[PDB]
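Counting starts at 1 for both ligands and their atoms, in listed order. Heavy atoms only: backbone and side chains are in, while hydrogens, waters and symmetry mates are out. Below, chain A is the first sequence line, B the second, and so on; all start at residue 1.
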Amino acid sequence: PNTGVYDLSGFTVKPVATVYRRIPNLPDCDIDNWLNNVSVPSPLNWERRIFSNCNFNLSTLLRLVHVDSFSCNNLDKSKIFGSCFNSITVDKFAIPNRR
Amino acid sequence: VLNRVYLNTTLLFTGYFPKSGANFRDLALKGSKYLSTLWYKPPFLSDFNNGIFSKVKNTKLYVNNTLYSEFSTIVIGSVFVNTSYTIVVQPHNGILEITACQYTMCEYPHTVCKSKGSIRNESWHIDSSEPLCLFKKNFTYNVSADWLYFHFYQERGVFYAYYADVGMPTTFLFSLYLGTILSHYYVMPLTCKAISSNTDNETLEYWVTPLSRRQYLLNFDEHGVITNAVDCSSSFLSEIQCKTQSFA
Amino acid sequence: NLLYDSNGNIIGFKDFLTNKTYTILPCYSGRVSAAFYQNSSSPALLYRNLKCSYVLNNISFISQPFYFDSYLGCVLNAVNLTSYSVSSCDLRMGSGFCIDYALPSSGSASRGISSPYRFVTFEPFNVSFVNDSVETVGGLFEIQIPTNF
Amino acid sequence: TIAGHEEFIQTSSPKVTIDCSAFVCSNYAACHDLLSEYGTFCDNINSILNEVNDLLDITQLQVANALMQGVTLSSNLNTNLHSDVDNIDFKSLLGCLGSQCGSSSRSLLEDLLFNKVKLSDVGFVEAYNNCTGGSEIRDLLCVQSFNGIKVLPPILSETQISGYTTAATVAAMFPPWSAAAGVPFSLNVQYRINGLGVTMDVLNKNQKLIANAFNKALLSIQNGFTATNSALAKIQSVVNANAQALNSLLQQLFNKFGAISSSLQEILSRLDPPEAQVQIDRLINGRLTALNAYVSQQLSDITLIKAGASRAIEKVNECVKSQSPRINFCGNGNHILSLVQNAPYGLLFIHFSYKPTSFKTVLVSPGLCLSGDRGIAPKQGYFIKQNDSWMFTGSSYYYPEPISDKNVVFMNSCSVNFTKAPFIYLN
Amino acid sequence: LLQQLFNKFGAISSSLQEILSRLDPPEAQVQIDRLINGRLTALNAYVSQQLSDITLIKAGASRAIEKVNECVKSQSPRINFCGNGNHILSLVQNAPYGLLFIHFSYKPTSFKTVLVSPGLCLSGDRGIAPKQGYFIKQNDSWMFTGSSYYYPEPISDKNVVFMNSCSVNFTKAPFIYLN
Ligand SMILES: *[C@@H]1O[C@H](CO)[C@@H](O[C@@H]2O[C@H](CO)[C@@H](O[C@H]3O[C@H](CO[C@H]4O[C@H](CO)[C@@H](O)[C@H](O[C@H]5O[C@H](CO)[C@@H](O)[C@H](O)[C@@H]5O)[C@@H]4O)[C@@H](O)[C@H](O[C@H]4O[C@H](CO)[C@@H](O)[C@H](O)[C@@H]4O)[C@@H]3O)[C@H](O)[C@H]2NC(C)=O)[C@H](O)[C@H]1NC(C)=O
Ligand SMILES: *[C@@H]1O[C@H](CO)[C@@H](O[C@@H]2O[C@H](CO)[C@@H](O)[C@H](O)[C@H]2NC(C)=O)[C@H](O)[C@H]1NC(C)=O
Ligand SMILES: *[C@@H]1O[C@H](CO)[C@@H](O[C@@H]2O[C@H](CO)[C@@H](O)[C@H](O)[C@H]2NC(C)=O)[C@H](O)[C@H]1NC(C)=O
Ligand SMILES: *[C@@H]1O[C@H](CO)[C@@H](O[C@@H]2O[C@H](CO)[C@@H](O)[C@H](O)[C@H]2NC(C)=O)[C@H](O)[C@H]1NC(C)=O
Ligand SMILES: *[C@@H]1O[C@H](CO)[C@@H](O)[C@H](O)[C@H]1NC(C)=O
Ligand SMILES: *[C@@H]1O[C@H](CO)[C@@H](O)[C@H](O)[C@H]1NC(C)=O
Ligand SMILES: *[C@@H]1O[C@H](CO)[C@@H](O)[C@H](O)[C@H]1NC(C)=O
Ligand SMILES: *[C@@H]1O[C@H](CO)[C@@H](O)[C@H](O)[C@H]1NC(C)=O
Ligand SMILES: *[C@@H]1O[C@H](CO)[C@@H](O)[C@H](O)[C@H]1NC(C)=O
Ligand SMILES: *[C@@H]1O[C@H](CO)[C@@H](O)[C@H](O)[C@H]1NC(C)=O
Ligand SMILES: *[C@@H]1O[C@H](CO)[C@@H](O)[C@H](O)[C@H]1NC(C)=O
Ligand SMILES: *[C@@H]1O[C@H](CO)[C@@H](O)[C@H](O)[C@H]1NC(C)=O
Ligand SMILES: *[C@@H]1O[C@H](CO)[C@@H](O)[C@H](O)[C@H]1NC(C)=O
Ligand SMILES: *[C@@H]1O[C@H](CO)[C@@H](O)[C@H](O)[C@H]1NC(C)=O
Ligand SMILES: *[C@@H]1O[C@H](CO)[C@@H](O)[C@H](O)[C@H]1NC(C)=O
Ligand SMILES: *[C@@H]1O[C@H](CO)[C@@H](O)[C@H](O)[C@H]1NC(C)=O
């Protein structure tokens, strides 16, 4: 290359450590107990439960209920695993066969 | 805003706000012995569309040089029968009791001042069987405050309530899932023995204005307190202030 | 518990466990300016507006034997020679400084290792000087007049 | 009397450089992989900005060449001893020149100008020096430079330009007189005032009043940079326009451009690499469009800057270094001379002019018809009648003097409306 | 500008031939639209850059017209416009995309140190100033020389400008009633 002054690609200072903060001793959300409840509503009177200030994980949940299918929208399943949220709202009802 | 602090800056923010330049309505009613049926009519029975902002006067009474706080109670619902839920906000002299239940409401509800009670008895519901409730909670407020401020609104089946007793901007009080749409509110008349002009010259006041979703410009000072606001679509100067994001 | 600015970035927080308050700043980001002469094995480097202690401790940990601080920032792989002046330069760094290249010849075979890059002063214009007086010599002025052209 | 007024001409601007991939993708590996598929988009932006900055460097060298062309000085010149000629004090205009000074200083008028403008060439350097620490907690320039937007210093420092203007000023004061047409300064002032129509007798009688008026005009310029000066507002407009353009470019990083968020950190912590690329592509297109618009605006502003610099070079060559016979080019008419000083991003010219203070109503004639049908016309003046005798006066100062061959131009005929005067066979 | 035809701009390929031999007209249009938008953006950027360069070219052409009118066709009394000072004349030649001007100038080669006076005060309190030159003393006699070549010559009415008074620091010379 020719004689000249060249401005090279930008760098960033690499991080030395990791700060990690969580609240200890929170109860379990127990979402599988609400999903596996004996009383199941219809779509006309579908039910809602709100979960907050608690700990959950998707592995025990997806193994304690008998999953036929699990999909996600505007989100990804692998991004849930270490994340925190303000709340989780769960709605449920039973499905009529032809609908 | 929810859990955020803003420091020495202006902020453009859309929320459930009143319309600047609109009208308050003083819906408070004081009675002594008789109840007029015109009090319970769609002049005073109003529409809850998105929500309301209310400015409430804290009326102070003195018995044996002891302070008593008093103001009107408000009910928010749809049909006010025991097949639906009604939200009742009622003061108890420093305690704000808030319930959401399937009440059997009376045709002519009223409340009674507890410091120097009236001729009538308090009667706004009759339920001898403990009806179903979604929410039941007591909060506290400043008994020496002059004014109280409330935001009540609804969105996507959820009711939200904000309040303030020191200063004008309000803070989050509670939210509650209903799954239905509220349509009406009513400020209940208060029956007292002694509030009028031949007594200590006190008045009840309950000013209500509607809410809608709109954009404001807010000013936060060095301590994070909201000191100034401008509704961006109310005048030409307000349009200039919101396009420059400056109060001067 | 969170402090924001008007653009929506978090700039501070209060800790839930210890009730301690902190402000948050972004880490450093920048680029390097390389002055390169043709047919050389490596360029001279300039980290603008940075001290050399910050460059050696926080940015780069490779071996750099030649470095100094200058008005423009930290200079690597060059000799500080700002007492010397040049009137033309193809590697101009700003604010009156230049990078010159001078390889050691066979007669000037440098046994001690150094850099062939030199950090010098760029001065492109001069005035002409005469050796005359500035005041009157007996009421007359002393001046230079041509005799041939 | 003698009036003075100053004028600022812009010759340069801040040299903005932009790291394109640091502005668009910042840190993120995923954003960078995507940016590469756009090929040669960032290279064209960097090429256009480098061409603009090369144009700025070329114009700065042209101005410095015009200031130093053909000036010869004495090597015995020392500004600590030599700062005053013909009872005119030039001390506030001179920097530090000589063989024992060390050329790292300005004049005090330039010190007054450079202390009211914070973001000069040295102000940018000392502001970027504080970005490792912040020096309060934070600054807008460090936030801009962490996103790849930085102002570079010019190739010549400001003390070098101050030395050039000091050399151009001192070339008009001392016995080479390279900038004062080979004559001393006061004699040059006297000949320029005489060229307006003022007789030399008045100028020989009033040399001390002319020197005092020059000193008063310089002191009035020196105490005039106070919050309503037009040159100061014109200098501050350059810095304010640059700061506004850079802040509006930095504000583009918070537009969503139709995506779910303006933050790459929020997108990359919610979506998968199939779904994230659709959102990142919109941010990439919006930010590249914003950079293209900024680059076009800079390329348009550099042409106005070059036109102003060529005008300043013309004024240095023909109002300071010499005095052209052009009327109304420098100043306003009755213009005597100009001096030049260094200014933030340009030059400050000080123009001196002849200013009448009191007047008189005279009856004049534009020409006389003498016997033999000859004619005379006055040279930059008029014919007047004093004690029923025809005399001459100059057009810019009332001073009756005898009609001679140095006052008139002779004609073998005369015009039809010239005044008859058969008694004139005078000196 | 020619290199822009090999950018993908987010599509699967930069070649229309490869896109149109793999995909259907529903699926191909999504890929072709990205190439169309990228190439139109590149053409807009080139057109803006050309429109900015033409203004610099017009400024240079007006300067060349001024030098043709006032340095080649005539010689203006402007100093430092053409050349550098001591400028004599200019000639013009055609050049690729422009003009080549040749400037000729007077250049001194050797010098001499002289003691000069800028004006003389004659008897009757009269004054004389030299016209583009200086007063010098040769054999204790006042003579004139031109400022650009040393050549002593007698003081006459063609060398001086007369003044009815004289300046305060002019040199006294009561012996002068010369030619
Ligand atoms: C949820 O809310 C609903 C309201 O929407 C509650 O339902 C209400 O329950 C009330 C009981 O507390 C009931 O009040 C009255 O009902 C009695 C039944 O009345 C019928 O049978 C009578 C037989 O004697 C008959 O006379 C009567 O006819 C009268 O009324 C009609 C109009 O409805 C007239 O046309 C007739 O001419 C005649 O006047 C009815 O056919 C009634 O007997 C009661 O009245 C007696 O008791 C009173 C108190 O002791 C006394 O004051 C009165 O004089 C009578 O002696 C009683 O007042 C409401 O009618 C009923 N409303 C509806 C819409 O159903 C419901 O209870 C609540 N649920 C819960 C869990 O709280
Ligand atoms: C399944 O849900 C029902 C609610 O429909 C739960 O029943 C509640 O049980 C508690 C204590 O046993 C009672 O106090 C509530 O009144 C019941 N609710 C109703 C509506 O009657 C039941 O406990 C749930 N099952 C499990 C295993 O938790
Ligand atoms: C909210 O406060 C009110 C008033 O302090 C409470 O109402 C009292 O409840 C007790 C116990 O049931 C009764 O003995 C009193 O007579 C009630 N007072 C009045 C004025 O009604 C109410 O219980 C509180 N609610 C909650 C959820 O704590
Ligand atoms: C941090 O501050 C909070 C106050 O907001 C402290 O919480 C209080 O803790 C005491 C005793 O643990 C309780 O009696 C109070 O009721 C709590 N206040 C609230 C508002 O909950 C907390 O203990 C502090 N933590 C530390 C480590 O100092
Ligand atoms: C007030 O806000 C301004 C920003 O406009 C800031 O510079 C200043 O420091 C703030 N005042 C205090 C006391 O922090
Ligand atoms: C006020 O005082 C009187 C007598 O001191 C007493 O009878 C009355 O009950 C008091 N009021 C209240 C509300 O206790
Ligand atoms: C209020 O209730 C009490 C107790 O039930 C009763 O004695 C009194 O008469 C009632 N008042 C009226 C006005 O009915
Ligand atoms: C709120 O209560 C506190 C004490 O509880 C009191 O000092 C303050 O004055 C009250 N606010 C008002 C507005 O009176
Ligand atoms: C209440 O107002 C009336 C006005 O008629 C006045 O006479 C009375 O003194 C007032 N009482 C008090 C306690 O202010
Ligand atoms: C040095 O650079 C020039 C470029 O003009 C090149 O021609 C020459 O081959 C280079 N020298 C060596 C030894 O490669
Ligand atoms: C570089 O050399 C100059 C003298 O040429 C000296 O003044 C300056 O302090 C030197 N810089 C360093 C960092 O040693
Ligand atoms: C002045 O600059 C010229 C540029 O060519 C150089 O030749 C000359 O030696 C310099 N003189 C001094 C005294 O620095
Ligand atoms: C030239 O300048 C030197 C100063 O170093 C001085 O010593 C010498 O006398 C000067 N020569 C003449 C002829 O003035
Ligand atoms: C001028 O210079 C030329 C060549 O250098 C020489 O031939 C000629 O004699 C010189 N003239 C004078 C007057 O010295
Ligand atoms: C005249 O000359 C003297 C001594 O040379 C000097 O002090 C004075 O300032 C000069 N005056 C003018 C007007 O040049
Ligand atoms: C840089 O920091 C120093 C000390 O922290 C301070 O004195 C100086 O004013 C700062 N300069 C700028 C331009 O902020």
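For the pair E/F111 and C/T147, the minimum side-chain heavy-atom distance is 4.5 Å or more. Side-chain contact between B/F135 and B/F174: present, with at least one pair of heavy atoms (C-beta onward) separated by less than 4.5 Å.
Checked against a 3.5 angstrom limit, the closest N/O atoms of B/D127 and ligand 1 fall outside it.
Those atoms of ligand 7 that come under 4.0 Å of a heavy atom in B/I119, given as number and element, are 13 (C). Set against the non-hydrogen atoms of B/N121, the atoms of ligand 7 under 4.0 Å away are 1 (C), 2 (O), 3 (C), 8 (C), 10 (C), 11 (N), 12 (C). Taking every heavy atom of B/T104 and a limit of under 4.0 angstrom, the matching atoms of ligand 1 come to 2 (O), 72 (O).
Counting only heavy atoms, the protein never gets under 4.0 Å from atom 54 (O) of ligand 1. The presence of a protein heavy atom under 4.0 Å from atom 69 (N) of ligand 1 is confirmed. For atom 28 (O) of ligand 1, no protein heavy-atom neighbour is present inside the 4.0 Å cut-off. For atom 9 (O) of ligand 7, the protein comes within 4.0 Å by no heavy atom at all. For atom 46 (C) of ligand 1, the nearest protein heavy atom is 4.0 Å or more away. Distance remark: protein heavy atom not present below 4.0 angstrom from atom 4 (C) of ligand 7.
Judged by the 6.0 Å distance and 45° axis criteria, A/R48 is positioned over the aromatic ring of B/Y177. Both cation-pi conditions hold for D/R106 and D/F114: the charged atom is under 6.0 angstrom from the six-membered ring centre and inside a 45 degree cone around its axis.
In terms of protein heavy atoms, atom 1 (C) of ligand 12 is closest to C/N126 ND2, 1.4 Å. Considering only non-hydrogen protein atoms, atom 4 (C) of ligand 1 sits nearest to B/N82 ND2, 4.7 Å.
The ring pair (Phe, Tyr, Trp, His ring centres under 6.0 Å) test with B/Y108 is passed by exactly one of B/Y40, B/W39, B/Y186: B/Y40. Paired with D/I161 under the rule side-chain contact (heavy atoms from CB on, under 4.5 Å), one option of D/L156, D/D121, D/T166 passes, and it is D/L156.
Residues passing the ring-ring contact (aromatic ring centres under 6.0 Å, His included) test with C/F129, sequence neighbours excluded: none.
B/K114 NZ to B/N93 CG: the interatomic distance, rounded to the nearest 0.5 Å, is 6.0 Å.
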